[PDB]
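*Asks:* Have a look at this fold, sequence not included:
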């Protein structure tokens, strides 16, 4: 409880920080790319989804068979991740 | 010209149409831009009794079957049981159909960016990409299937691979055992998919090897493991006969041994060209070896007699291996330039 | 910092238009607008109600 005290006091701005980053599509993994505007992505539920690349992620930073964070609403990719 | 004065009104109506289609053609871009998932499409002809019967069978990736007819814009390559189709929310309609093939994996096999006989060969592979414009007047129909065979030790594989570089087109690699798998009924799918990629892509180069081993009809009646590539070849010939699209990109076949041959392989669409190799000469091999080694730095004094004489029943890849071997010890010799004796030394080394 | 009691007046117009909008209530996201005149602060009346064309953006 004492280590969680200062953190609980620091949990105040988390409400205002809750609006972004909150979206999770559960990290669907891609396969290949036929063309740059449209990419084919296969979720772990074995359902293939297609979405255009956002402006926040460079096309040169995309690797074949790489797991990245993807929005479950706008369906686009806000930020990638190292692992 | 008083009767032709009514044409102006018509043109005004037409340009008015062109002006009023701007919006409905504008909404297309924003509506069809992002299909949310991918579903499998299967064509099934229904009957309504215009009121013409039209329908289709859909399969979602979530394994939920729905109902829907055939709609969308003008279709050409569509209506085929393919995949990767555009779909909107709850609409389950069809907008953009793109074929990526099925189970992709077989397709990404590989990505590639003797004078008298090789002359005929070069002319043979060049002419379908060249003389097509002259084939109208002359009425000359280019051969499709070409059979390249001969005694072992020729090196025809890397020779044809070298000609593939001369074709400047894309080259593919398919072997005999690659057609043999644990599953069943793979032949039809493989052939149809390969022909699909050959239909969609550029006029690339397709070369298969070892058609003799997989084409064995096994005179002995006891047992054997593979009957599949037999009927696969039969179906291949069937599609190379009864199909008009066969005028499209050619498929090159090669056999190592002449012990097994199918009399039904004779046709324009099927195997046509037959060239036997009567113990290929030396000086020619020395010539192509010179062409291959012209890039590397070598002291420009060569008798060629020793290297031509010391080569007996050796492949082209083995000659390139002789060059490589000659380059191997030249590094530890301390010399920055390849010598003459290093060639024969390499010959006596690896062979 | 003053707040009163507001009550939304609904007529048969907006109701029926929202019923047609109910038939238009397909899973595809739709838009709509409401019009009226404000006599005062604590009362609100709606009269003119129509629909909007569908879009892929939602």
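*Replies:* Arrived safely, thanks for sending. Numbers count the residues shown, from 1 in each chain, chains lettered A, B, ... in the order given.
*Asks:* Let me see the ranges of the helices in the chain.
*Replies:* Since you didn't name a chain, this refers to chain A. With DSSP state H applied, chain A shows helices at A:3-9, listed in chain order.
*Asks:* right idea, wrong chain: chain B
*Replies:* Counting by DSSP H, one finds helices in chain B at the ranges B:7-20, B:22-31, B:115-126, B:135-138, B:156-167, B:186-200, B:228-239, B:283-293, B:305-309, B:316-332, B:341-350.
*Asks:* Remind me what the first one packs against, helices and strands.
*Replies:* Taking 3 or more Cβ pairs under 8 Å, 6 or more residues apart in numbering or on different chains; DSSP states H and E as the contact definition, helix B:7-20 has no neighbouring helices or strands. Any C-beta I mention is one placed from the backbone N, CA and C, and that applies to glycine too.
*Asks:* Name the residues that touch that helix?
*Replies:* Taking contacts as Cβ atoms under 8 Å, 6 or more residues apart in numbering or on different chains, no residue outside helix B:7-20 touches it.
*Asks:* cool, the last one as well?
*Replies:* Residues external to helix B:341-350 that are found in contact with it (Cβ under 8 Å, 6+ apart): B:306-307, B:310-311, B:318, B:321-323, B:325-326, B:328-330, B:333.
*Asks:* So which residues on chain A come close to chain C?
*Replies:* Near chain C, no residue belonging to chain A is found when assessed by Cβ under 8 Å from any Cβ of the partner chain.
*Asks:* Any figure for the gap between the residue nearest the centre of chain A and residue C:36?
*Replies:* In chain A, the C-alpha closest to the average C-alpha coordinate belongs to residue A:69, at a distance of 2.0 Å (Cα atoms, centre = their mean). Applying Cβ to Cβ, to the nearest Å, one obtains 45 Å for the distance of residue A:69 from residue C:36.
*Asks:* what sits against the residue nearest to the centre of chain A?
*Replies:* Under the criterion of Cβ under 8 Å, 6+ apart, the contact list for residue A:69 reads A:24, A:27, A:77, A:78, A:79, A:80, A:81.
*Asks:* Pick out the residue closest to the middle of chain B.
*Replies:* When Cα atoms, centre = their mean is applied to chain B, the residue found nearest the centroid is residue B:206 (3.5 Å).
*Asks:* related to what we said a few turns ago, most neighbours, which of the contacts of residue A:69?
*Replies:* residue A:77 (22 neighbours; other Cβ atoms under 10 Å in any protein chain shown).
*Asks:* Could you double-check that that residue sits in contact with residue A:66?
*Replies:* No. With the criterion set as Cβ atoms under 8 Å, residue A:77 and residue A:66 do not qualify as a contacting pair; they are 10.8 Å apart.
*Asks:* Please give me every residue in contact with the closest residue to chain C within the stretch 151-300 of chain B.
*Replies:* For the stretch 151-300 of chain B, the nearest residue to chain C under the criterion Cβ to the nearest Cβ is residue B:200, separated by 27.7 Å. Residues touching residue B:200, when contacts are defined by Cβ under 8 Å, 6+ apart, comprise residue B:99.
*Asks:* let's see 6 Å
*Replies:* By Cβ atoms under 6 Å, 6 or more residues apart in numbering or on different chains, no residues touch residue B:200.
*Asks:* Over to the one 5 residues further on?
*Replies:* For residue B:205, the contacting residues are B:164, B:167, B:169, B:171, taking Cβ under 6 Å, 6+ apart as the criterion.
*Asks:* try it again with 8 Å
*Replies:* Counted by Cβ under 8 Å, 6+ apart, residue B:205 has contacts B:125, B:164, B:167, B:169, B:170, B:171, B:172, B:252.
*Asks:* Compute the number of surrounding residues for residue 52.
*Replies:* Assuming you mean chain A. Should you count by other Cβ under 10 Å, residue A:52 turns out to have 13 residues around it.
*Asks:* switch to chain B, that's the one I care about
*Replies:* The burial count for residue B:52: 8, using other Cβ under 10 Å.
*Asks:* Give me the phi and psi angles of it.
*Replies:* phi -90, psi 140 (degrees, to the nearest 10).
*Asks:* where's it relative to chain A, distance?
*Replies:* Look at residue B:52 and chain A: by Cβ to the nearest Cβ, to the nearest Å, they are 32 Å apart.
*Asks:* ok, now residue B:110?
*Replies:* Looking at residue B:110 against chain A, where the rule is Cβ to the nearest Cβ, the gap reads 16 Å.
*Asks:* just residue C:1 next, same as before
*Replies:* Spatial separation of residue C:1 from chain A under the definition Cβ to the nearest Cβ is 23 Å.
*Asks:* what's the burial count for that residue?
*Replies:* Residues near residue C:1, counting by other Cβ under 10 Å, number 2.
*Asks:* Checking it next. Helix, strand or coil?
*Replies:* Reducing the assignment at residue C:1 to three states with DSSP: H, G, I helix; E, B strand; the rest coil gives coil.
*Asks:* one step back: tell me the one among the contacts of residue A:69 nearest to residue B:280.
*Replies:* Sorting these by how near they are to residue B:280, with Cβ to Cβ, puts residue A:80 at the top with 56.0 Å.
*Asks:* quick one, what contacts that closest one?
*Replies:* By Cβ under 8 Å, 6+ apart, residue A:80 lies in contact with A:57, A:61, A:66, A:68, A:69.
*Asks:* pretty sure the first one contacts residue A:77?
*Replies:* It stands for residue A:57. Yes. Between residue A:57 and residue A:77 there is a contact under Cβ under 8 Å: 4.9 Å.
*Asks:* any residues in contact with both of these two?
*Replies:* Overlap between the neighbourhoods of residue A:57 and residue A:77 consists of residue A:68, taking contacts as Cβ under 8 Å, 6+ apart.
*Asks:* just to revisit the earlier point, can you lay out the contacts of helix B:341-350 as CSV showing distance to residue B:21?
*Replies:* Formatted as CSV, the contacts of helix B:341-350 follow (distance: Cβ to Cβ, whole Å):
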residue, distance to residue B:21
B:306, 79
B:307, 74
B:310, 77
B:311, 72
B:318, 67
B:321, 66
B:322, 69
B:323, 66
B:325, 70
B:326, 71
B:328, 70
B:329, 75
B:330, 72
B:333, 77
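*Asks:* out of those residues, which one sits closest to chain C?
*Replies:* residue B:321 (60.0 Å).
*Asks:* That closest one: neighbouring residues, count only.
*Replies:* Residue B:321 - counted by other Cβ under 10 Å - has 17 other residues nearby.
*Asks:* returning to what we had before: put the buried members of the contacts of helix B:341-350 into a ChimeraX selection.
*Replies:* To isolate the buried members of these in ChimeraX, using 16 or more other Cβ atoms under 10 Å in any protein chain shown:
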select /B:307,311,318,321,322,323,325,326,330
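*Asks:* out of the contacts of helix B:341-350, who's nearest chain A?
*Replies:* Chain A lies nearest to residue B:321 out of the contacts of helix B:341-350, by Cβ to the nearest Cβ, at 33.6 Å.
*Asks:* Spell out which parts of chain A neighbour chain B.
*Replies:* Proximity of chain A to chain B (Cβ under 8 Å from any Cβ) is limited to residues A:32, A:34, A:40, A:45, A:46, A:47, A:48, A:49, A:50, A:51, A:52, A:75.
*Asks:* show me what contacts residue 48?
*Replies:* Went with chain A since none was named. Contacts of residue A:48 were listed using Cβ under 8 Å, 6+ apart, and they are A:40, A:41, A:42, B:37, B:38, B:61.
*Asks:* try chain C instead
*Replies:* Residue C:48 makes contact with C:13, C:34, C:35, C:36 under the criterion Cβ under 8 Å, 6+ apart.
*Asks:* If anything else comes up later, I'll come back, but that's it for now.
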